[PDB]
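Notes follow once the structure below has been shown.
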Amino acid sequence: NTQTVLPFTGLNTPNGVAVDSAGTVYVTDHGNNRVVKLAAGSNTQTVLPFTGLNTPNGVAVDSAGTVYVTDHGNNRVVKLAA
Amino acid sequence: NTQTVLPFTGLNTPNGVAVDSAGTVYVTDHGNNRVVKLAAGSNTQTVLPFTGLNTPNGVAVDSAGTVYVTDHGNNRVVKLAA
Amino acid sequence: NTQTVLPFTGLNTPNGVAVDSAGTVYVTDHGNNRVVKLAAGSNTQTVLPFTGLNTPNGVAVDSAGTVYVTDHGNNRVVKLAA
């Protein structure tokens with residue numbers, strides 16, 4: 001069997017992963033209060049422009065590429081269009 | 001491109017999120033020990049009739065709208081049909 | 001409103017769940033440092049051949065059957081092809 005480590009960088013206690021129809025992978029980087037994504041084949045993550053996250057701990061992405069995050073430290077759910 | 005906050009009422013320590021093909025958003029809630037959902041365009045959530053949960057954590061939804069939840073404290077996975 | 005408890009066995013503090021097209025359900029069995037899946041029909045529980053996981057806490061599955069896990073304890077995200 002083969003498992004592959006994805007080239008995210010500087011993750012801290014990550015918690016939550018989603019993958020869209022394009023194979024882009026989204027991760028709630030819980031310990032760094034941010035959400036990062038990696039397109040299929042890409043070597044470098046991008047940080048999603050959410051605002052004021054605290055201990056985010058879950059992520060989902062819909063068919064339109066809208067990203068939903070459980071912003072746990074703030075007791076709320078936020079979403080960001082593609 | 002600015003984030004929006006979803007109108008869940010009384011959310012306390014969300015643990016996970018999923019979104020179906022219709023854009024309905026499902027969230028697991030630690031403090032209230034329950035799972036809630038919000039249709040796209042709605043600002044009144046519904047509480048899903050799971051019972052005997054001890055901290056729902058993960059949530060997923062399939063193409064048939066069946067909702068799956070990891071019941072963390074009871075070491076089990078429960079589902080409800082649409 | 002009847003909920004169904006799936007025939008997973010031996011879970012410990014499960015905290016992430018995903019479901020694929022074949023109706024296969026994947027769970028991050030966090031307390032056992034593993035990811036399990038349940039095949040529809042036969043209800044054969046199989047442990048996915050990830051290795052070196054530590055307190056995993058998020059799982060996702062793409063349209064190709066590739067499984068993605070946030071390996072929280074190791075600050076990384078790992079994937080496994082079908």
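Chain labels A, B, ... are given in the sequence in which chains occur in the structure tokens; within each chain residues are numbered consecutively from 1, and ligands are likewise numbered from 1 in the order shown.
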After superposing chain A onto chain B (least squares, all C-alpha atoms, pairing by order), export the transformed chain as a CSV table (one decimal) with C-alpha atoms, in the first residue's frame.
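The result, stored in selection-v2.csv:
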chain,number,residue,atom,x,y,z
A,1,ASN,CA,-13.1,39.0,0.4
A,2,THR,CA,-16.5,38.2,2.0
A,3,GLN,CA,-17.1,35.6,4.7
A,4,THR,CA,-20.7,35.0,5.8
A,5,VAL,CA,-21.8,33.9,9.2
A,6,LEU,CA,-24.7,31.4,8.9
A,7,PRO,CA,-27.7,32.1,11.0
A,8,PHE,CA,-27.5,29.1,13.3
A,9,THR,CA,-28.5,29.9,16.9
A,10,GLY,CA,-27.2,28.9,20.3
A,11,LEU,CA,-24.3,26.8,19.1
A,12,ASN,CA,-21.9,25.5,21.7
A,13,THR,CA,-18.4,24.2,20.7
A,14,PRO,CA,-19.7,23.1,17.3
A,15,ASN,CA,-17.5,20.5,15.6
A,16,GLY,CA,-18.3,19.2,12.2
A,17,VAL,CA,-20.1,20.5,9.1
A,18,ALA,CA,-21.5,18.9,5.9
A,19,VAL,CA,-23.4,20.3,3.0
A,20,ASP,CA,-25.8,18.3,0.7
A,21,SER,CA,-26.5,18.7,-3.0
A,22,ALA,CA,-29.4,21.1,-2.2
A,23,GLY,CA,-27.0,23.4,-0.3
A,24,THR,CA,-28.5,22.4,3.1
A,25,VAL,CA,-25.8,22.8,5.8
A,26,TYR,CA,-25.6,20.3,8.7
A,27,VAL,CA,-23.7,21.0,11.9
A,28,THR,CA,-22.8,18.8,14.8
A,29,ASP,CA,-23.6,21.1,17.7
A,30,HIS,CA,-21.2,19.2,20.0
A,31,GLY,CA,-21.7,21.1,23.2
A,32,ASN,CA,-25.5,20.7,23.0
A,33,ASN,CA,-25.6,17.0,22.1
A,34,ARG,CA,-27.5,17.7,18.9
A,35,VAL,CA,-27.3,18.1,15.1
A,36,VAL,CA,-28.9,21.1,13.4
A,37,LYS,CA,-29.4,22.0,9.7
A,38,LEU,CA,-30.1,25.1,7.7
A,39,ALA,CA,-31.6,24.9,4.2
A,40,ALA,CA,-30.1,27.2,1.6
A,41,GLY,CA,-31.8,30.6,2.0
A,42,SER,CA,-33.6,29.6,5.2
A,43,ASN,CA,-33.5,31.8,8.3
A,44,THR,CA,-34.2,29.2,10.9
A,45,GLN,CA,-32.4,25.9,11.8
A,46,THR,CA,-34.1,22.7,12.4
A,47,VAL,CA,-32.9,20.1,15.0
A,48,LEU,CA,-32.5,16.6,13.5
A,49,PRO,CA,-34.4,13.9,15.4
A,50,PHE,CA,-31.4,11.9,16.5
A,51,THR,CA,-31.7,10.1,19.9
A,52,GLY,CA,-29.3,10.1,22.9
A,53,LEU,CA,-26.3,11.8,21.3
A,54,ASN,CA,-23.3,12.7,23.5
A,55,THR,CA,-20.6,15.0,22.3
A,56,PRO,CA,-21.2,14.3,18.6
A,57,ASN,CA,-18.2,15.5,16.7
A,58,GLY,CA,-18.6,14.7,13.0
A,59,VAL,CA,-21.2,14.7,10.3
A,60,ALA,CA,-21.5,13.6,6.7
A,61,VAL,CA,-24.5,13.6,4.3
A,62,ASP,CA,-24.8,11.3,1.2
A,63,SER,CA,-26.5,11.9,-2.2
A,64,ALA,CA,-29.8,10.6,-0.8
A,65,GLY,CA,-29.7,13.0,2.1
A,66,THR,CA,-29.0,10.4,4.8
A,67,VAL,CA,-27.1,12.0,7.6
A,68,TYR,CA,-24.2,10.2,9.4
A,69,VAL,CA,-22.9,11.3,12.8
A,70,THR,CA,-19.9,10.3,14.8
A,71,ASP,CA,-21.6,10.1,18.2
A,72,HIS,CA,-18.3,10.4,20.0
A,73,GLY,CA,-19.4,10.2,23.6
A,74,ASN,CA,-21.2,6.9,22.9
A,75,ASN,CA,-18.4,5.4,20.7
A,76,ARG,CA,-20.7,4.8,17.8
A,77,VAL,CA,-21.8,6.1,14.4
A,78,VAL,CA,-25.5,6.7,13.8
A,79,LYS,CA,-27.4,7.5,10.6
A,80,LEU,CA,-30.8,9.1,9.9
A,81,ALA,CA,-32.7,8.9,6.6
A,82,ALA,CA,-34.0,12.1,5.0
Please report, as a PyMOL selection string, each residue of chain C to which DSSP assigns helix (DSSP H, G or I) when run on this structure's backbone. chain C and resi 30-32+72-74
Using backbone DSSP assignments, extract all strand (DSSP E or B) residues from chain B; output them as number ranges by chain. B: 4-5, 14-19, 25-29, 34-38, 46-47, 56-61, 67-71, 76-80
